[PDB]
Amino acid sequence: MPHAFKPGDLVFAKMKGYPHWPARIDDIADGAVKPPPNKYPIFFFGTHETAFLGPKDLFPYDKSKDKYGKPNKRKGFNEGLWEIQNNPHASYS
């Protein structure tokens, strides 16, 4: 049975106007800006952007990859598919 999300969890993350996007729950670094309550720092593979999102926008990677894990025209997307599959815990700093 599911736990709450934790840093390291791999997901597809949904934002308005984008397709479900390969992404991970980031750790918050010492000195870094904390999310709002009930929100998580989400690192998007490929674009290496961060946004803050609640669980309603977060789709666990393993369950959803068959639906979402497919090339897409958008900039950064296919790079992001490579990262989430081949080195999802790396530093992209």
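Position 1 is the first residue in the sequence shown; the rest follow in order. We call the rigid core the largest set of C-alpha positions that still match within 1.5 Å between the two forms.
In 6 other deposited structures of this protein, superposed on the rigid core, the segment with the larger root-mean-square CA displacement between 53 to 61 and 28 to 36 is 28 to 36. Between the stretches 53 to 61 and 32 to 40, it is 32 to 40 that shows the larger average CA temperature factor. Two stretches are in play, 6 to 14 and 72 to 80, and the higher mean C-alpha B-factor belongs to 72 to 80. Sort the chain's modelled residues by C-alpha temperature factor and residue 93 lands in the highest third, per the entry.
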